[PDB]
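We call the chains A, B, C, D, E, F and G, going by the order they appear; numbering starts again at 1 in every chain.
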Amino acid sequence: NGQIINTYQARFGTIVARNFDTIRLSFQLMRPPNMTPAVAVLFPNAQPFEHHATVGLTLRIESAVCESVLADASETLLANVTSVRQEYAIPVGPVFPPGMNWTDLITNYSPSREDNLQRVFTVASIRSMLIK
Amino acid sequence: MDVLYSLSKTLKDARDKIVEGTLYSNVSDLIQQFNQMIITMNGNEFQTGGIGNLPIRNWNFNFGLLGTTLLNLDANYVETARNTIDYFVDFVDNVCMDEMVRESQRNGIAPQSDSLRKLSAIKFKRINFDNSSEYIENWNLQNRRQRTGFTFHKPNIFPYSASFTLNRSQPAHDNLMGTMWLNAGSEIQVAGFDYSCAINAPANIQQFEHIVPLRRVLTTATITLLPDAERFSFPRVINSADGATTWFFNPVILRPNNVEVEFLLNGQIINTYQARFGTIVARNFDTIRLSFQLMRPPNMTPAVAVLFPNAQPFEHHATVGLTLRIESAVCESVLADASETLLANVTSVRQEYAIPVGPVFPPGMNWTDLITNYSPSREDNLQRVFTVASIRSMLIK
Amino acid sequence: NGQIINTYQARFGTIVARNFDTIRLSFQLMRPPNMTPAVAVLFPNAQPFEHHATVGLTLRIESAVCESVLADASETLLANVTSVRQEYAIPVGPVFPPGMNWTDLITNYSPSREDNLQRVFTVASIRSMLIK
Amino acid sequence: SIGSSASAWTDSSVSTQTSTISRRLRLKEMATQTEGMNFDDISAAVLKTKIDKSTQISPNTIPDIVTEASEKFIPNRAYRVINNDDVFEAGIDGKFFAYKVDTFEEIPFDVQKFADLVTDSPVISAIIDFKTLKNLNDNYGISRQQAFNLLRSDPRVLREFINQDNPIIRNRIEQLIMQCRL
Amino acid sequence: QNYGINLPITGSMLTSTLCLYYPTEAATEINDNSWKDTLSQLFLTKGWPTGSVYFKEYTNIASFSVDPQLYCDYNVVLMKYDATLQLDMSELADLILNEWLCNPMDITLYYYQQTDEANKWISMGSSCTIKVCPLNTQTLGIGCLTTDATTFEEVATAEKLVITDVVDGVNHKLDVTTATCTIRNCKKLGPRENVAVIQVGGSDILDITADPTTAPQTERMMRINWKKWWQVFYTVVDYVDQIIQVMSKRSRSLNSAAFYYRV
Amino acid sequence: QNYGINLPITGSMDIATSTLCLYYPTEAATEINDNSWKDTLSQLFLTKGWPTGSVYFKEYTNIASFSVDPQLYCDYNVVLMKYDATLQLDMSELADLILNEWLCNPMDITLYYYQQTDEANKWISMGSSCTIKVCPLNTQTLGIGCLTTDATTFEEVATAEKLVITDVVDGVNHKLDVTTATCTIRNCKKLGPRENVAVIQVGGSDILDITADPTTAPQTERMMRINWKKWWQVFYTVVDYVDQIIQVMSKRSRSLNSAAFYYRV
Amino acid sequence: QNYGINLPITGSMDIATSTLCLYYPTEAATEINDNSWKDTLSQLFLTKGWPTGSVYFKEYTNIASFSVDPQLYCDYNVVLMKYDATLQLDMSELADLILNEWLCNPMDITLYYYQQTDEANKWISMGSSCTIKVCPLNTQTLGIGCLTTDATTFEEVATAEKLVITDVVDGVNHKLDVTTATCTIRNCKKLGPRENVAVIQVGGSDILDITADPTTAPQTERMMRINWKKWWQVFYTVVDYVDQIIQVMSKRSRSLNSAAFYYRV
């Protein structure tokens, strides 16, 4: 809700956040104070440039728990739904996006779509307990 | 939770019916209810308070019953019942005062106070007079996974955020084309202004659009769309977006041409209305998209012709405006209203004893920030606190 | 009682006050620091003026609870009182102002007038429960 | 490409691609593969009427007016195609919708099937687009034949609506007509 | 590229140069050369760094009109009223008061016509004298013959700066002593808000638009009165606050020139 | 009681004969060519609604001589000035001198060194022969384009003009040199609008400027223009519309009974 | 609307006729020895894909005279300079003057005392006879190898050169002395890369330096070299590869419709 809960400075490695819904990342690119021939030339203060400067961060979440139904790459639910759907070439339903294109479904995430996803995934999980 | 509403309603009904002289054959039901309540209540202590300046109090329960011996109530029986009733009223008030302030990030729909948590135990479940009241009935229906509703008057749902977005801008603000809107309370007024007055516009028509989202889905909204907005129809001088300079605004209100009002849901078109003013009805909507056109007068008159010079020198900009009001609506979730003092009760109880700000409610219960980033846990906690507030407001008038 | 209870700075929108009897409003009109041709001319530092400067606040109370009987535009009590009074052209009473001119009644709000208003409004509310 | 395979017609991203498809499909009106009335018919009719009424045009001026009008008229064109009780419609301005013919329920949009079918199938000018159709189905009690002909833009039922002077159809026609200018 | 110019933007609710054009008459009347130091030091006392104030000289209004060369970002120019030079005065003020975009014209060979109200013909030079004849669709002169030049119609003779307009929409064949002047087709884009004009004596003659029915007076076209030029200089310097509040600074010319060339 | 301590006023929004002087140039007197004209105009004013004998008339020899300390002793004054195509600055000075309240403090030329504070500050010099020569100074009182001991390198600002208004840049001192035997310079600060008078111009082309401010050209409603060839037409016109003239003006705010320590002259 | 306030842009990563001038030296004209060559080249450009009559041609008398305020009035410009084994600095100055945007402010030589601020600041002097003499100063404005009152001890930096670029060390003021009747000096600050032009050299040995920076020798892709013995071969070569020349360049960024208060000249 725009309020700071978990904050970490220069903590590279593994960090944990307890409850969040918005991620704000800020980093600063600083010109090094003292140089050596290579870097002292490759960053000219004049106009023409041969190499630009850039910094970057890689943020990966490995595990999480959500209060609502969400898909994952560590289970076999969305694959079951799409396989059963394309099994009989059903016309696209009035709720789900065509062909279960996950990006399209998650774009305009609606509560009605959430409830439908919950029901469908629950039924798929019921089915997956038998066909082994 | 329902136990508290049952207690409050029973106490109010007893205070209503037990008056001197009435025939006993009309309060037999309430007498049985009161005797059952006294039988189940005795023997169990309670504790309330402990946070902030709220007075910590201990509670005992040792009372007689109300027998059936008379045919018409006398003064003494009424006095005894009233003496017990006032004490129970104080008990309910203090329990509610304890419950209102606190909150929780998780399980924000379950009881939190020690007294309420002990009340939720099974051996107290024998007291439920009714669930006729609106908020308690909605809570009970929401308990069993069913659609709910709320009859609201002037249901403020629009956050306050005064903002404008320019479309054509000179560096020194001498040729402007853009929109000004102000969403205050349950009132939306959108104005579209042009400096060129459609003298250089393509096809002599300037296009205006504005989309305002809504965090919660409403239903059955009677919408009063009145043209000729008032929020921006007078001279102004405001700072620019970067906050390093200012600009002037000399408005003239023209006739809004081809007003288009659209109500959407889930990304589809639900109800549309073209060129209708007055009161209209919308049944289900989540996003409001107002668009229209500003039309240059095809022919003018001396004063009008002078007032809109074709060349760049400008001293009178033109603007059209609309007003959007929601004089009635029904929502699916608890919201601030004007037919009660529920939000007022929450704010007053929060500020009176200065509870430090927790992890959910933003400081001071400022409605703008609370409604800004709406999350389901916040909605559930607000629902519980509003139910407790409505319980309080049904005992102390 | 001249003591500060509820205070809000730059909180435009909806605010709540718990218990008050006196309203004090203070705002400051500040000349903008930097200007642009239009405003830079329309505010001359010399004597003659073509446009004056003004700021304004609109304060509206939407709901409240009072410990004493008060009229409102959201009920049908004062209308009942005045209709019954003018129904038979009664001479003006020794307490209420003529014709129930609400402004005149509220001007010199006296405890005796308060008690009379309470009784009259209670009787009117009793009457309003039947004639439907 | 955007269709099933390579063809001379499949060559906000969804909005832009659909707008390009509609702009290319505008040329279908010279392919004689339409049903009912079309936009160019209205353009020709208004051109004829305004030629007859006007008097300030020299014989040396007609070619320029005709050339400019045949192109600039009606930039906001809409087209709809029908596939197994389903209807897909796309707009040049960037509008795209899909609905069923039974009760006009909103349908999620699939670009692939649209591109697959519009290549070789009947195309009908969308004089009555989805907004007017839905407003009519809500505010007025029409029967199934009227709606089905409206999706086909039958002149008889449209003229009957004109006779009834329904404000929504008048608004649609007037908005279409006002756009006819150089 | 676009920080917000003509694209959506969301709001909420020292080393700058200063030139000064002065005629030779003031310097001749005051008869001194140290006045530059005096004015620079007065500016320093007012709060502007020394050496940041330029000074340029023009012999005559006619001469100064010959391809004006702006030399600062903020600009204030002085001119003196003349009995029978109001046309040149107003035309020069309009030219150096608005931005211009000009396409060079090969007037000798081809024909030309404008396209809208926002088009004008601008000509400058040491000695300019234009004569034009309107055409028709039969390529025969109206009230003139296409071969001879004397029978044309005068629009300007022996004038240093000519700003003229014709009936916009029909081609015209023009003629001029090209070896002593230059003609360029230009379009008025917008207001050049980094230059003001101060009149010294007169009755508000300037009109900055060819429109006859519109003739506004903006915030950069004022007037004062004079009896000794030192009074004018002192009054201008003292009230620099108002002048610097009037104009903007974001209208800097991409290059030192009065009007851009084929852009 | 005591005035001057302005107690705030509070009203509501629920509610529904003096002296009149007039001046004219000598050319008007010559063109009139009559003796009893004063009685005629007084009787005309009596017809319009003024008491007889309450409308005085004065005269000035020339615009130059009228400039020598122009006094006014009327509750309602209208001044008629004949336009001349070469004394534009003189007319502007006269208007700016008789149109606004001026609060003055005497200034020497020998002992002290005067300066200016704000844009509402001016220097006014009046006399039979006013020759004003000025010289700016630095902090160290050295020479800047002129030497203090020298007096032949000071820059002229106005010579032999019967009226001289001048202003120098704030923040620097300046030394003066002027014939005290023929001219007087007074340090004055402009208070505000003096509504006791109006100015009517004959001929002319809207020349007057009532301030040294460049960016502003305030055309006051009190500044009004007409056209003429025979003075009697102008006199009849100005007499006819007396109601509009008096309605435009108002009482001299500095002459009311609120004078006590209100910085009256 | 209004430009200049650069609102941040946001695109995506899922997507797939003007004026052309040309200059040449007089020696090329003499070697060509033809009259209708202009029509021939225009028709060749028509074949390559340009409209006829849209390819102008100009001329400069000499490298010296071409240096006198080199103007450009084209959306696409290529300048041909004939290499000479003794005017290396002149060619470098010409390239550095017509290759980068220059933002100038006029500078006097008599009243003020100019200096420099940053390495992106230069002095440019153009005129028929440019003689530039300089003298550094201290804080107390005393003499450092030269006296301010004296003028015969100032160090020459460039004499009689039609183009003169010079730079002094930041942090110190310097006084000037130059014939204003024949030369003009303008204080200019370098903005950046002006892509509207390219430079093609005939002969030569990679002499040009586009900056005073020692440690950098940026060989721009816009600087291109060829070899020649008959001018017609060079003309044919430059006409043939028009596509590569135009692809190397781009529109003059300062001439687009984004001019409004973008510090355009």
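Simple rule for what comes next: a contact is a pair of C-beta atoms (placed from the backbone, for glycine too) under 8 Å apart; a residue touches a chain by one contact, two chains touch by 3 or more.
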Q | Chain located farthest away, centre of chain C as origin (C-alpha) | A | G
**Q.** Of B-E and E-G, pair with higher C-beta contact tally
**A.** E-G
Q.
I'd like the most central chain, judged by C-alpha centroids against the all-protein C-alpha centroid.
A. E
(Q) Can you compute the centre-to-centre distance for chain D and chain F, using the mean CA position of each chain? Integer Å is fine. (A) 76
Q | Whole-Å gap separating chain B and chain C, where each centre is the average of the chain's CA atoms | A | 23
Q: Find the geometric centre of each of chain A and chain B from their Cα atoms only, then give the gap between the two centres in Å, rounded to an integer.
A: 34
Q.
Centroid of chain C to centroid of chain E, CA atoms only: how many Å?
A. 61
Q. Which parts of chain C, given as residue numbers and ranges, touch two or more other chains?
A. 35-37, 41, 45
(Q) Two-or-more-chain contact residues of chain F, please, as numbers and ranges. (A) 119, 213, 215-216
Q) Residue numbers in chain D touching 2 or more other chains? A) 106
Q) In their complex, what parts of chain G are in touch with chain B? A) 1-5, 260-261
Q) Okay, in this complex, where on chain E does chain F touch? A) 30, 32, 34-35, 37-38, 41-42, 45-46, 198, 201, 203-204, 217, 219, 222-228, 230-231, 234-239, 241-243, 245-246
**Q.** Parts of chain D lying in touch with chain B, wherever the complex brings them together
**A.** 97, 106, 130-131, 134-135, 138, 167-168, 171, 175, 181
Q: Over in the complex, which chain E residues touch chain G? Could you list them?
A: 1-9, 17, 19, 36-37, 40, 50-56, 71-73, 104, 248-257, 260-263
Q: Write out the stretch or stretches of chain B touching chain C in their complex.
A: 154, 156, 159-160, 162, 172-174, 184-185, 235, 237, 239, 244-248, 336, 338-341, 343-344, 347-348, 351-352, 365-368, 397
